[PDB]
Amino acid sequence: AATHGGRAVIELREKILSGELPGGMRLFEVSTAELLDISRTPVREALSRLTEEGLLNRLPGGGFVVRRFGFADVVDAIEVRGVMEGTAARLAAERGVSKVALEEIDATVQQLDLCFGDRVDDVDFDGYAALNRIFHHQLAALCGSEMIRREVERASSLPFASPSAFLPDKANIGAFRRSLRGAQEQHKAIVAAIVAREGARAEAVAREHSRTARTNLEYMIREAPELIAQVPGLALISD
């Protein structure tokens, strides 16, 4: 983005996501302007856009604060993504999907199968993460509803709430590596349930799929607390 407003959005987003501007920190207009070497006006533009994005909260009485996320908020965000993905999957099973959209999502699932070797640790991380992003974008749009697609993507927009969040390409942790086989079995079950018009199953399996991220998070809290801050998308967690 070639504008001061636009640059400030990019610069502040990066500082917030990395934990450099921590959750709970008040972002004063004059202080933020001086930090970025611009005036208060492009700063207000940037603060408004970052509030719309959900990285900042507006304070009663004026001003902006970096929205604070503790482990309970991450757990709730992952729960919400799961519920929304479960809705996208159920509505595709209930309302029906076009022949081409089913073929495309089924093709992604078959390609995801090739990321797995003969050993339980033998997984192509980068290949998996790129295809996993595609699968979840396809799932969000599958029932053809613009509103559902929009709400599913919004529920997946916080870095820790993304279907890409706790994957071994972000952080090469044994637990994240070994969680991929199970997650892939769920991708297959989601597509088969949608083809079979099994809305209750499609919802339940897509919702359970989001529990991979929560299980991986719980493993880290218990097994390597300080490593959390070193995992991308988790540096901003206040706890």
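Residue numbers here begin at 1 and follow the sequence given. What we label the rigid core is the largest C-alpha set whose atoms superpose within 1.5 Å from one form to the other.
Farther from the shown form on average, by C-alpha root mean square after a core fit in 4 other deposited structures of this protein, is 158-166, of the stretches 98-106 and 158-166.
Greater C-alpha displacement in 4 other deposited structures of this protein (rigid core superposition, RMS over structures and residues), of 199-207 versus 59-67: 59-67. The PDB entry reports B-factors from which the mean C-alpha value can be compared for 230-238 and 3-11; the larger average falls on 230-238. Legend: mean Cα B-factor per stretch from the PDB entry, 121-129 versus 139-147; the higher mean is in 121-129. Of the candidates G182, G199, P60, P42, it is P60 whose Cα B-factor is highest according to the PDB record. As recorded in the entry, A175 carries the highest CA temperature factor of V66, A175, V191, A204.
Sorting the modelled residues of the chain by their CA temperature factor places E208 in the lowest third. For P168, the recorded CA temperature factor ranks within the highest third of the chain's modelled residues. The entry lists a Cα temperature factor for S157 that places it in the lowest third of the chain's modelled residues.
Ranked within its chain, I38 lands in the highest third, by CA B factor from the PDB record. Among the modelled residues of its chain, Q110 has a C-alpha B-factor that falls in the middle third, as given in the PDB entry.
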